[PDB]
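Enquirer: So I've got this experimental structure, pasted below with the sequence.
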Amino acid sequence: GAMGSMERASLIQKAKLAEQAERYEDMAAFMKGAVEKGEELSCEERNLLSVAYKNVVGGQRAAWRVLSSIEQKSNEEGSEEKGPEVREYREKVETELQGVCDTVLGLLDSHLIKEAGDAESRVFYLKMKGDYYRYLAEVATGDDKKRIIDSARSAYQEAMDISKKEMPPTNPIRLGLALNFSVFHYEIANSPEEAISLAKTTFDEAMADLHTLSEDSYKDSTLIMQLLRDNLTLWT
Amino acid sequence: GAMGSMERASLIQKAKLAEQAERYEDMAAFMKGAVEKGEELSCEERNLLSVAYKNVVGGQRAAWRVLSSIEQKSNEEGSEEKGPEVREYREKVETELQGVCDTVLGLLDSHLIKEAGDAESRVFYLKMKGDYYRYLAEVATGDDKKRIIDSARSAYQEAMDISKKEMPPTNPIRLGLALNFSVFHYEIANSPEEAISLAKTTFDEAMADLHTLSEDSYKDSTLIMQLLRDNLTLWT
Amino acid sequence: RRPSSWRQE
Amino acid sequence: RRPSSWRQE
Ligand SMILES: [Ca+2]
Ligand SMILES: [Ca+2]
Ligand SMILES: [Ca+2]
Ligand SMILES: [Ca+2]
Ligand SMILES: [Cl-]
Ligand SMILES: [Cl-]
Ligand SMILES: [Cl-]
Ligand SMILES: [Cl-]
């Protein structure tokens, strides 16, 4: 209802303009409005939704990391007692980030996932669900940390199961899902061996399927394969 | 009153944290709150205010330029008639930008400038006034374009008159004021010869005064002198 | 360093 | 190109 008076097509058009202008908060609000029109999203529209929120939350995560590092240093032995300001401001950014994640998860639950029947859309949305629970997990410290982690795991796992049955090993969504689930294992679940095994198997199975692809699809798939390789090089 | 319940010192501390986190909207809001406490700003605090708003408006200006360019292309002969969306969204960004400029100008008028008696503070604030009227002028097209331009000119001119009487030719505030007034002449007032003359005279008078400076002051002054030279190279 | 995820940026 | 002003960024 924030965007309730604007046409769906105008919201999509403005999301594209906002992307060009690097106005990602606007882009996300336009795409939220488009989702709330109640129609399913096309492939291009799903990518616009993902780009918008990834850039918004990406800035929040980077800021949270800067502030958390300062806060940790302030809590080292020998640090001069500053007041509550670093914690207060880290908490402010954290609450904002959590709100963005909750907004995305809300769109997925009402009602993107339940209407998504094709593999490409359902895997995309379940990957997104895993990603935004993962971002919640990065800042979680309380009673629900374990349940947040399990929610990320469960979403990624359902997406993996579908992708393995319904998509070729080079499919970019499948590859990006596996990349991110492998990061979840390494950074969130304290499972570096699972992370490495998943990245290696994903890379090798994609390599063996490249021969089936056109030049343009080959370019798309090898770009994400390189990210798997980059992580394996960091981790081994 | 947005920040009315937070201590002045806590607002300054959080502005510094926001800068480190690249959260410039937050930084600007913290510094607005600090100004509204009613006390004069120190040199460091004035720089925090300037950095915060320059980064906020800088993003708005860049976005406005992207959208204005798209809008201009859509109004060329042979362009397929798109709807009102590009104009509408350019107008949205423009209104936001104008609001930020009005906020800064409001802080300067209530009551930073009237309380500023030392040359360093008064020149700084009058430069800021010229700058934010200049940003308004960049997007102005109506009945008041000429009056906005004259408001920028008048502020820059008062700042120049004070700076020439009260500051050495290498003073960084004086140099940055002259740099920006020269940009005003070139880009806003359609006076490229005045822009070039001002940049050249400013550069030459600073060169002749470098011998008086310490190594650290020399570094500060020559950095801004290089910007004058860069503009002269672009313009000649 | 932090590991790479997709999409980037 | 657009000319340089101060402060930058
Ligand atoms: Ca409609
Ligand atoms: Ca091992
Ligand atoms: Ca007080
Ligand atoms: Ca001439
Ligand atoms: Cl101490
Ligand atoms: Cl805060
Ligand atoms: Cl046509
Ligand atoms: Cl709009």
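Expert: Good, I have the coordinates. Numbers count the residues shown, from 1 in each chain, chains lettered A, B, ... in the order given. Ligands and ions are numbered 1, 2, ... in the order given.
Enquirer: quick check: longest helix of chain A.
Expert: Identified as the longest helix of chain A according to DSSP state H is helix A:43-74.
Enquirer: Give the other helices and strands that that helix contacts.
Expert: Counting contacts by 3 or more C-beta pairs under 8 Å, 6 or more residues apart in numbering or on different chains; DSSP states H and E, the secondary-structure elements packed against helix A:43-74 are helix A:8-20, helix A:24-36, helix A:85-107, helix A:119-139, helix B:8-20. Placement of C-beta: from N, CA and C, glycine included.
Enquirer: let's go with 6 Å and repeat that
Expert: Helix A:43-74 sits against helix A:24-36, helix A:85-107, with contacts defined as 3 or more C-beta pairs under 6 Å, 6 or more residues apart in numbering or on different chains; DSSP states H and E.
Enquirer: where's it relative to the chain centroid, distance-wise?
Expert: From the chain centre to the centre of helix A:43-74 is a distance of 10 Å (C-alpha atoms, centre = their mean, to the nearest Å).
Enquirer: Please apply the same query to stretch A:8-20.
Expert: Once both centres are worked out by C-alpha atoms, centre = their mean, stretch A:8-20 turns out to sit 21 Å from its chain's centre.
Enquirer: Mind checking if it is in reach of chain B?
Expert: Yes - using C-beta under 6 Å from any C-beta of the partner chain, we find that stretch A:8-20 touches chain B at A:10, A:13-14, A:17, A:20.
Enquirer: Now do the buried residues in that stretch.
Expert: Of the residues in stretch A:8-20, those with enough neighbours to count as buried (16 or more other C-beta atoms under 10 Å in any protein chain shown) are A:8, A:10-15, A:17-19.
Enquirer: Residue 4: how many residues sit nearby?
Expert: Picking chain A for this. Residue neighbour count, defined by other C-beta atoms under 10 Å in any protein chain shown, stands at 8 for residue A:4.
Enquirer: my question was about chain C
Expert: Here the count is done by other C-beta under 10 Å, and residue C:4 has 18 residues near it.
Enquirer: now residue A:111
Expert: 12.
Enquirer: so who does it touch?
Expert: Taking C-beta atoms under 6 Å, 6 or more residues apart in numbering or on different chains, we find residue A:111 in contact with no residue.
Enquirer: Quick check: phi and psi at it.
Expert: The phi and psi values for residue A:111, taken as degrees, to the nearest 10, are phi -150, psi 40.
Enquirer: Indicate which one of the helices and strands packed on helix A:43-74 is closest to residue A:115.
Expert: Nearest to residue A:115 among these is helix A:24-36 (10.8 Å), distances taken as C-beta to C-beta.
Enquirer: That closest one vs helix B:24-36, what angle?
Expert: Angle between the axes of helix A:24-36 and helix B:24-36 is 120 degrees (criterion: axes from the mean of the first three to the mean of the last three C-alpha atoms, to 10 degrees).
Enquirer: what's in contact with helix A:24-36?
Expert: Outside helix A:24-36, the residues that touch it by C-beta under 6 Å, 6+ apart are A:3, A:8, A:11-12, A:14-15, A:18-19, A:48-49, A:52-53, A:55-56, A:107.
Enquirer: Return the residues of chain C in contact with chain A.
Expert: Proximity of chain C to chain A is assessed by C-beta under 6 Å from any C-beta, with C:3-7 identified as the residues in range.
Enquirer: Go through the residues you listed and name the one nearest chain D.
Expert: residue C:7 (25.9 Å; C-beta to the nearest C-beta).
Enquirer: related to what we said a few turns ago, in a markdown table: the buried residues of stretch A:8-20, plus distance to residue A:214.
Expert: Below are those laid out as a markdown table (distance: C-beta to C-beta, whole Å):
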| residue | distance to residue A:214 |
| --- | --- |
| A:8 | 32 |
| A:10 | 34 |
| A:11 | 33 |
| A:12 | 28 |
| A:13 | 30 |
| A:14 | 33 |
| A:15 | 29 |
| A:17 | 31 |
| A:18 | 31 |
| A:19 | 26 |
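Enquirer: Residue C:7: what's it in contact with?
Expert: Counting by C-beta under 6 Å, 6+ apart, residue C:7 makes contact with residue A:54.
Enquirer: I misspoke; the intended subject was residue A:221.
Expert: Applying C-beta under 6 Å, 6+ apart, we find residue A:221 in contact with residue A:170.
Enquirer: Next, it: phi, psi?
Expert: phi -70, psi -40.
Enquirer: Could you measure from the residue nearest in space to the middle of chain C over to residue A:223?
Expert: For chain C, the residue nearest the mean C-alpha position is residue C:4 (2.7 Å; C-alpha atoms, centre = their mean). Summarising the geometry, the distance separating residue C:4 from residue A:223, computed by C-beta to C-beta, to the nearest Å, is 11 Å.
Enquirer: Farthest from the middle of chain C: give me that residue.
Expert: Taking C-alpha atoms, centre = their mean, the residue of chain C most remote from its mean C-alpha position is residue C:1, at 10.3 Å.
Enquirer: which non-adjacent residue is nearest that one?
Expert: Distance criterion C-beta to C-beta, 6 or more residues apart in numbering or on different chains; nearest residue to residue C:1, sequence neighbours excluded, is residue A:234 at 6.2 Å.
Enquirer: Which of the three states applies to the one you found?
Expert: Counting by DSSP: H, G, I helix; E, B strand; the rest coil, the backbone at residue A:234 sits in helix.
Enquirer: picking up where we left off before, which of the residues of chain C next to chain A sit farthest apart?
Expert: The two members of those with the most space between them (C-beta to C-beta) are C:3 and C:7, at 14.2 Å.
Enquirer: Looking at the contacts of helix A:24-36, which one is closest to residue A:137?
Expert: The nearest member of the contacts of helix A:24-36 to residue A:137, counting by C-beta to C-beta, is residue A:53 at 16.6 Å.
Enquirer: Let me know how buried the closest one is, in neighbour terms.
Expert: Other residues near residue A:53 come to 24 when the count uses other C-beta under 10 Å.
Enquirer: That one against residue A:103, yeah?
Expert: No - under the criterion of C-beta atoms under 6 Å, residue A:53 lies out of contact with residue A:103, with a separation of 8.0 Å.
Enquirer: Distance of the residue in chain C positioned nearest to chain D relative to residue B:224?
Expert: Of all residues in chain C, the one sitting closest to chain D is residue C:9 (18.8 Å; C-beta to the nearest C-beta). Here the criterion is C-beta to C-beta. By it, residue C:9 lies 32 Å from residue B:224.
Enquirer: For the two, indicate the residue with more neighbours.
Expert: Set residue C:9 next to residue B:224 and count neighbours by other C-beta under 10 Å: residue B:224 wins out with 25 against 8.
Enquirer: so the more buried one touches residue B:175, yeah?
Expert: Yes - between residue B:224 and residue B:175 there is a contact at 4.1 Å, judged by C-beta under 6 Å.
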